[PDB]
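Visitor: Here is my input, please return the structure:
(chains A and B)
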Number of protein chains: 2
Amino acid sequence: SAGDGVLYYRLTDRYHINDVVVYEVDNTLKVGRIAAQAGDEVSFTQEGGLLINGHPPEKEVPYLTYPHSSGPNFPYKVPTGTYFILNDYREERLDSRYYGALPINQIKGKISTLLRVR
Amino acid sequence: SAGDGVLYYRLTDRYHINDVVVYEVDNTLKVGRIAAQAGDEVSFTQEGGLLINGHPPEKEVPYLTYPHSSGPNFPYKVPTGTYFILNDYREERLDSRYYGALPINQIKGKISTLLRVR
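Guide: Numbers count the residues shown, from 1 in each chain, chains lettered A, B, ... in the order given. Sure, structure below:
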């Protein structure tokens, strides 16, 4: 039946690494995770491993991560006030691997919970 | 600082028209709204108006809605067990206007609240 169509907001102080966000690139609203923040250096191994400040993150064990051929040069320094976003399905490479890190106005908010039909 | 990276789920009985969902098309996680459900007929006016079962929905007043040239034929009958999804920025036309209505396995869940930095 008809819902009221009201998406609520809750104000928060800051985002965290690993948060699931709604992000906007090319006027497209997508979902991904914050992988790095201002000042971080993002790099790749040839074996598909993400490196952040020269360390392989513990939470990156599950992911096989390849660059986009037209994205930024790497190693990549995340600018002030921006967030480096990665899709959890890493073979959809049109995240910060193509766009670079995103300014905060392009982060629409964090998803803490999804409601889901069984 | 580092968050725990846990997205929670809450089980719900069903989705509603106008709900904001995370949806998957071409292995891409996107955000849009449920605009129509199984059995509904979706049509367009030339002036950019969505019609659902031959009525212009009250909540469609704000939206200027054009077809994708390679999407389904319209009028379009929403199949059993599927959801017709529209992006709120309607000029990003790669929603059900291109893909058709989506089966439930391609609806990842409903967003009720976003957490957002001021």
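
Visitor: Pull the number of nearby residues for residue A:78.
Guide: Neighbourhood size, residue A:78 [other Cβ atoms under 10 Å in any protein chain shown]: 21. C-beta coordinates here come from the backbone N, C-alpha and C atoms, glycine included.

Visitor: Quick check: phi and psi on it?
Guide: Residue A:78 adopts backbone torsions of phi -70, psi 120, taken as degrees, to the nearest 10.

Visitor: Next, the contact list for it, please.
Guide: Residue A:78 makes contact with A:36-42, A:84, A:101, according to Cβ atoms under 8 Å, 6 or more residues apart in numbering or on different chains.

Visitor: Most neighbours out of those residues, which is it?
Guide: residue A:84 (28 neighbours).

Visitor: So that one versus residue A:25, what's the distance?
Guide: Noted for residue A:84: a distance of 13 Å to residue A:25, by Cβ to Cβ, to the nearest Å.

Visitor: Chain A: strands as residue ranges?
Guide: For chain A, the strands defined by DSSP state E occupy A:8-12, A:20-25, A:28-37, A:41-44, A:50-52, A:76-77, A:82-86, A:102-103, A:107-110, A:113-117.

Visitor: for the ones you listed, which one sits closest to residue B:74?
Guide: Between residue B:74 and the strands of chain A, the shortest separation by Cβ to Cβ is 22.6 Å, and it involves strand A:28-37.

Visitor: and the closest one, does that touch chain B?
Guide: Yes: judged by Cβ under 8 Å from any Cβ of the partner chain, strand A:28-37 comes into contact with chain B at A:28-33.

Visitor: which among those residues end up buried?
Guide: A:29-33 (16 or more other Cβ atoms under 10 Å in any protein chain shown).
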